[PDB]
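A.B. asks: got a structure for you, letters missing:
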DNA sequence: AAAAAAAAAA
DNA sequence: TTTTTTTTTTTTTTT
Ligand SMILES: Nc1ncnc2c1ncn2[C@@H]1O[C@H](COP(=O)(O)OP(=O)(O)NP(=O)(O)O)[C@@H](O)[C@H]1O
Ligand SMILES: Nc1ncnc2c1ncn2[C@@H]1O[C@H](COP(=O)(O)OP(=O)(O)NP(=O)(O)O)[C@@H](O)[C@H]1O
Ligand SMILES: Nc1ncnc2c1ncn2[C@@H]1O[C@H](COP(=O)(O)OP(=O)(O)NP(=O)(O)O)[C@@H](O)[C@H]1O
Ligand SMILES: Nc1ncnc2c1ncn2[C@@H]1O[C@H](COP(=O)(O)OP(=O)(O)NP(=O)(O)O)[C@@H](O)[C@H]1O
Ligand SMILES: Nc1ncnc2c1ncn2[C@@H]1O[C@H](COP(=O)(O)OP(=O)(O)NP(=O)(O)O)[C@@H](O)[C@H]1O
Ligand SMILES: [Mg+2]
Ligand SMILES: [Mg+2]
Ligand SMILES: [Mg+2]
């Protein structure tokens, strides 16, 4: 009998696997019998125990075949092909709704009876993260609105601020919440081709700590960063399609994703400042440092970096009327699940702990 | 039963897919039965609902295929072969007619019964642009004739005037209607050689924001860009063939594309002045400034800077006999729509409001 | 009869063979008859004599084959796929526990009765290593804990000090203890793209003897390494995923590993200093140099830079409760071996000999 | 009948071809009828006449074959695979013992009755080389131990001195004796990567005539070589595994070979000097110049550059006990041959001839 | 009936064709019937009419092939394989003797009845060349000896002298006589790798007009050549195998070819001067310029640049016994032909004519 | 352009 | 399953 390539493509789509070697490794683990399988008995990874019995028969034949990597390439290209169809067809609010919906599935396994997370720790993160900027919850709502409306020229946000000031923590959470990629532009411009190529079919890009000019008086080293961005004006404004190249593939023409530039106290050119909508001035808070020092779990579990933490903040602070209609049915359940867990009293006490630089949970 | 590669090539040709994964992705959507598929029921995307019912039977056999990427590569290379044949063998009248009737297809999508756009805003965009210059439709129509005839020396147009005079808006609108790209001759003469390579196989080029030399006596930032351009005599004149150098690729010979120079009120050396057939003095108009602050939706959906807005202006103002004989039958239909949806009093009232600095569309 | 590709994949898996030429070379040694093989008779290498008798039948058919490198590539792909599955599925503590089990297997062979190694020479290395830094067992345990707790921005350690101070020595031992790659950032920034790709799925990276600027008056040659490390700040932070590259494979997107920077008294930017949670100042001790001159086996057998020396140090100094549950079984066995072989009296004489700068075995 | 791919691989293994075109070329010579063949009648090249009679039947079928370069590729990859297995599995003294067996096999051809070479001329080369440095045979043995022990940081020797001092002469001899590659690090840092990949799986490297800076006070032109080496001090240490790159292949992680740096009286950094365990100061000797111009056969036959001359120096000067057990049998036999053909009176007169500047054979 | 790949390989080997497209083109024009072939009737190119009548049958089948470049690639790789075998296994005197035979074959064609050359014009070249430099035939014979012997560091010659002194005239003639290529070391140093890769498997190189610095006080342009050449000391030495690089190909290890350096009167560093054996001072001679102005056929037919003019000079002036014994047979019949057509008094009149700037043939 | 890695033919 | 044909990148160029 012969390997069904469709079952492998179905598994790859079901688990959304776009790495050929991960797909090979995952599928090969199905060749052992399910009735004696320790991974299915422990229920470690859902990407195994859901699929093993279904794919066992195909995986035994797959394990004997001579072109295993060809089978996996096609399945991976099917997943990359669906992403390109979705990227070119879907309305941009449906992109964010699909990303929210994926986070909400991922949340339900995190905090479930088979879970391994404490909502009180993650809500202590929400409280800490809301302290970082004045009216952070409203600021995240009009950031999300900005990225959905994607108005040409008026597409990008600038996060300036000192060393250890929280711009990479917020940008990392917004990156996870909106579902983007982080890009490095401090390299020479002709290495930048394939790196800009990673923005292909993504929703946000974050340009992480772009280095400027004139920083030497402040011990801030100079680099190619600002000069690359100020050449890439064709990409930031989105007025036209620019062409993104990636291996084994034709160069996609697309309007480059919107997003976030994160920057230290470099001077920014007048030509470049014209293309950022809003500048958030991050600055270090004395109390927040002591709060984390007395609350190690925030950093160890990466709570303050997480889009799940910012999503929990949007459950708490914004009306249900703001969410997409197909997901409102999930949002109102998670509303009552936070209402049934945190009183406004405990939240205000733990937020006050942050403001005092006391341990948030005290 | 066999997969017909001819049917995939036929879908690719009708849809004009350059991209292997986009073609792979969309063709795999047809594998599901048309009897109940929601994308056909909803009729959201024409690239699916028009084609699924005839490609279903081939898509079922394609979805089982082991060759899938190879099939799509041949189908893509057929569409690229068609482009290279047309690029060498079409006349410029046909090249513009193909971009026009492509835009008429986009208009038929935007303003259809399943539409997503309202013509009242677009006609307000027409009225705004039309007020920007005296006899704007003649300016646009005569520019199109220049680009279509590509007459040596009578080949480039100069846009100059104060800061925020609209020069770059009209250049951006003309770029989409004709097809073309923006070039930056302000560069040092070293980098200019790779910058000019952008012009290969473009129908049109715009020189953006030429920073002239002598004008800083009235605080125009001094630059070399005008004297760089003055040296490029054979690129402007379009008599002889020039050698154009994309970085990492070997030099192509062609007649350099026609174009627009967008400039501030700098002094021009007389031999560079002789190479522009028309100089248009853009000037800032207070009532246009007030109207933009009041009709502000035009800037958000970017109607003001689109080729379809200029094509709507040509359909409104110009007689059908000026359009290419094969597109005339579609211009007939679009004139009747634009008349029946807008009595002249409505457009006149809009143009009056714009002239009065009143943003309301009435 | 035909070659079993499955058996080659089993050999590659059991040998954990990443290299196609190493797999080809080793499997071809099995084509000879095991009844007379000198390497089975002599038991020189375990990757031969454990496996030859099983694989002889298959290897004789493989030796006639025309596919040979294709067979080995699929087997190597299976080993790499297992590494990517484990990388994404396993906890970082289980990764470290698996590495310690690997070293204990190797220690059991190495210090067996067949073993070539003398435990008294290796504990003399543990004595020398413990004299390098104050509280080195605490420093080693703190480092392991820091690499397992992949805490964002608190990920990297800086080793600073003069020539022959012990930075590379300890880094090379920690590199073998945890598993990882040494990267050279002193080379120019364009081909640095493929160096950083060597960190794909690794547990640590060590940035080795990176070169700064200034300090030429101290007779330190300047170089790019620190400026290159002040780029790539997002690789050091690990708050965000970064895109890593192998030839002909597509980009892999992951959090870049934690680890160590070693440098020779250059001026670190404050931007880069903020990425390092600990700076260890290494300091030349003449008694350690004189000890090595009189206990040369430490250098010749590479004892003082081996991960097995640091593991023996942790087995000596740390309580069993600090090791993971799986390996505690094996570590009580190694503790009772060391306490049988060494009383504390032999070891305290070794440390006295090291502090005296005489031969450690005197 | 079909071509045996095995016999081509067996030839490649016996003749040790790294090169696909050399293997193809050699094997196609075996097409022609063995009985008549002029190369076997002359016995000109041993890689022909030892193998043609055996391979003729296979080579006739190979010459009709349609995939010849594919056959030779697998044969070459088998030879490269054995070379990688040997590099990882052999002790470093076994490696040198193998190389000595290969040189002794070449000496058995050179000085047998078929051989083109006169040992009287080669022993006059031993006489000339022994006069170059004090206690040269001790220096050669000390170098061989250093390369065999491969002690971290104690691995590189520096050869230093003026024009025509003898550095490249002794470096080329030691390179042939031990086996290895010479590298030009004077070429710029961006081409340097593929140069260093020539050291993959080699026993020595020689960094030939590297250029420093600040030599114009001596008319020594400055260059990049010493600054390039100091960027590679990670590679000279040999504590950690460096990642080596040859075109299209992914990086191989190995310990960089031990070796020699030869340089002409430039100043060397302290950081780089710490990587050199011994510095040999070469002084030019007037009598060696006058000896060579009257002993021209030494330069024409490349005798003083040869590893066979250094091996004859070790056979003459070193005790039998210093050679590896396996070759002591052959070394005893070669000692008896040299004592038979050379009295000590002939040899000590040769050294007297060298010191007087007389022709060695007078 | 099938295409014989063997007959295509015979044709390639008999033509010595190593260009795949040239082989494809040459073999395809055999597909037309021999009996009416206009190229055979006109005897235009010898590579056709000799081979067409035997290859027609196979070329007809080759025309219907689907794999034509695959066939040609194997035939080209066979010719490259023979060149590489001959490169490693021929003695250099045989290599030169092969080249002289190839030149004598060209001479037979040029001066035979089907030819197009008059020996009196070519012997006027010999007279002109012998007047260029004192004892010119000894100089050429000494150069041939130098290139055949290839003595390390005693194997490059320096041609030095002012503008228009004969340097490139003689160097080009010597380069056609011996075979080899010219190199332009004046490039920027990063392009230099692919210049030097031109020397792979070559017999000579000529470094053409290397430019130094500090000739500007004598109106010589400065350049990078001499400094680049001093980075390549180990290439000029020829003691060690250097690593040579063609584009997209891995590094060949070989001893770099011996050769000539040609330069204007720049000052040479002693490190580079020590690599040259003989410096030949070329001077402008009034009588050679006046003579060429009258005897223009020497320039117009490229006679004085040609190795065939130098080979005739060796046939005239040198004893038969200096030629390798294989070619002595052809050299004696060429001496007899030259003694026939030239009296010594005709040649002495030519030398006397050129000594006075009268036309050689007057 | 040439090779290394990958896919189609019979 | 045996054997031959195909895609694609890297490299190079660029900085
Ligand atoms: N505003 C803040 N005040 C005090 N501590 C903070 C603040 N924001 C973040 N932190 C701490 O700083 C660490 C790093 O935050 P991060 O987002 O990387 O700062 P940053 O502004 O990006 N620094 P940099 O990347 O160097 O410009 C976090 O892990 C917190 O421990
Ligand atoms: N006539 C106008 N007067 C004032 N503002 C205008 C006018 N036309 C467009 N704008 C606004 O200015 C921007 C577009 O003008 P733009 O085309 O860039 O002018 P320009 O002549 O290119 N300016 P500059 O780049 O300074 O030479 C948008 O924000 C418009 O809302
Ligand atoms: N603290 C120490 N005191 C004295 N000798 C030492 C010390 N540490 C190491 N050594 C010796 O120095 C050699 C190299 O140590 P290593 O760790 O490479 O130094 P380092 O700090 O990296 N110096 P460098 O790499 O040149 O900046 C070892 O092989 C020992 O012989
Ligand atoms: N010690 C010596 N005294 C005199 N002549 C020597 C000596 N050593 C070598 N030679 C001669 O010099 C030639 C080149 O020797 P070589 O080893 O290349 O010199 P070197 O030290 O490398 N000089 P350089 O490479 O220019 O810095 C040999 O072929 C001998 O003819
Ligand atoms: N010795 C000579 N005296 C006078 N004229 C000569 C001499 N040799 C050559 N010529 C003429 O000069 C031309 C150029 O000779 P060529 O050998 O190319 O000169 P060169 O020295 O190589 N030039 P350059 O490389 O620029 O310094 C020849 O074609 C002759 O016409
Ligand atoms: Mg170090
Ligand atoms: Mg030298
Ligand atoms: Mg010249």
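C.D. replies: Cool, got the structure. Residues are numbered from 1 along each chain as shown, chains lettered A, B, ... in the order given. Ligands and ions are numbered 1, 2, ... in the order given.

A.B. asks: which stretches in the stretch 151-300 of chain A count as strands?
C.D. replies: For the stretch 151-300 of chain A, the strands defined by DSSP state E, counting those that start in this stretch occupy A:156-160, A:181-183, A:205-207, A:242-244, A:252-254, A:259-263, A:276-281.

A.B. asks: please identify the deepest-packed of those.
C.D. replies: strand A:259-263 (a mean of 26; mean count of other C-beta atoms under 10 Å in any protein chain shown). For the C-beta atoms, the positions are set from N, CA and C on the backbone; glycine is no exception.

A.B. asks: OK, now which residue of chain A is nearest to DNA strand F?
C.D. replies: Residue of chain A nearest DNA strand F, by C-beta to the nearest atom of the strand: residue A:70 (3.2 Å).

A.B. asks: next, count neighbours for that residue.
C.D. replies: Neighbour count of residue A:70, defined by other C-beta atoms under 10 Å in any protein chain shown: 13.

A.B. asks: name the next helix or strand downstream of the helix or strand harbouring it, please.
C.D. replies: Here residue A:70 sits within helix A:68-89, counting by DSSP states H and E. Heading C-terminal from helix A:68-89, the first helix or strand you meet, by DSSP H and E, is helix A:92-110.

A.B. asks: for that following helix, the distance to its chain's centre please.
C.D. replies: Here the centre of helix A:92-110 is set off from its chain's centre by 11 Å, with C-alpha atoms, centre = their mean, to the nearest Å.

A.B. asks: helix or strand right after that helix?
C.D. replies: The element immediately downstream of helix A:92-110 (helix or strand, assigned by DSSP H and E) is helix A:119-131.

A.B. asks: other SSEs contacting the helix or strand following that next one?
C.D. replies: Scanning forward in sequence from helix A:119-131 by DSSP H and E, the next helix or strand is helix A:136-149. If contacts are counted by 3 or more C-beta pairs under 8 Å, 6 or more residues apart in numbering or on different chains; DSSP states H and E, helix A:136-149 sits against helix A:92-110, helix A:119-131, helix A:167-178, helix A:307-317.

A.B. asks: what are the contacting residues of the shortest one?
C.D. replies: To tie it back to what came earlier, the one meant is helix A:307-317. Contacting residues not belonging to helix A:307-317 are listed as A:100, A:103-104, A:106-107, A:110, A:122-123, A:125-126, A:129-130, A:136-138, A:140-141, A:173-178, A:303, A:331, A:334-335, A:338 [C-beta atoms under 8 Å, 6 or more residues apart in numbering or on different chains].

A.B. asks: show the buried residues in those.
C.D. replies: With neighbours counted using 16 or more other C-beta atoms under 10 Å in any protein chain shown, the contacts of helix A:307-317 contain these buried positions: A:100, A:103-104, A:107, A:110, A:122-123, A:125-126, A:129-130, A:136-137, A:140-141, A:173-178, A:303, A:331, A:334.

A.B. asks: what about the residue nearest to residue A:360 when sequence neighbours are not counted, how many residues close to it?
C.D. replies: Take residue A:360 and drop its neighbours on the chain: the residue closest to it by C-beta to C-beta, 6 or more residues apart in numbering or on different chains is residue A:124, 4.4 Å away. Other residues near residue A:124 number 26, with proximity taken as other C-beta under 10 Å.

A.B. asks: kindly report the same for residue A:153.
C.D. replies: The tally of other residues near residue A:153 (other C-beta under 10 Å) stands at 16.

A.B. asks: cool, and residue A:236?
C.D. replies: Each residue near residue A:236 was counted by other C-beta under 10 Å, and the total is 20.

A.B. asks: burial count for the residue nearest to it when sequence neighbours are not counted?
C.D. replies: For residue A:236, ignoring the flanking residues on the chain, the nearest one in space by C-beta to C-beta, 6+ apart is residue A:275 at 5.1 Å. Burial of residue A:275 is recorded as 19 neighbouring residues (other C-beta under 10 Å).

A.B. asks: please apply the same query to residue A:78.
C.D. replies: Around residue A:78 sit 25 other residues, with neighbours defined as other C-beta under 10 Å.

A.B. asks: residue contacts, whichever residue of chain A sits closest to ligand 8?
C.D. replies: Closest approach of chain A to ligand 8 (C-beta to the ion) occurs at residue A:190, with a separation of 36.6 Å. Applying C-beta under 8 Å, 6+ apart, we find residue A:190 in contact with B:247, C:190.

A.B. asks: how about the residues of chain A by DNA strand F?
C.D. replies: For chain A, the residues found near DNA strand F under the criterion C-beta under 7 Å from any atom of the strand are A:67, A:69-70, A:73-74.

A.B. asks: how about the helices of the stretch 201-350 of chain A, start to end?
C.D. replies: Assignment of helices within the stretch 201-350 of chain A using DSSP state H, counting those that start in this stretch yields the ranges A:225-231, A:233-236, A:270-273, A:286-293, A:297-300, A:307-317, A:325-339, A:344-355.

A.B. asks: now for those, which one comes closest to residue A:4?
C.D. replies: When these are ranked by proximity to residue A:4, the top entry is helix A:325-339, at 33.0 Å, counting by C-beta to C-beta.

A.B. asks: is that closest one anywhere near chain B?
C.D. replies: No. For helix A:325-339, no contact with chain B is found by C-beta under 8 Å from any C-beta of the partner chain; the gap never falls below 13.4 Å.

A.B. asks: could you check the angle that helix makes with helix A:344-355?
C.D. replies: Comparing the axes of helix A:325-339 and helix A:344-355 via axes from the mean of the first three to the mean of the last three C-alpha atoms, to 10 degrees yields an angle of 80 degrees.

A.B. asks: name the helices or strands packed onto helix A:325-339?
C.D. replies: In terms of contacts (3+ C-beta pairs under 8 Å, 6+ apart), helix A:325-339 is packed against helix A:92-110, helix A:119-131, helix A:307-317.
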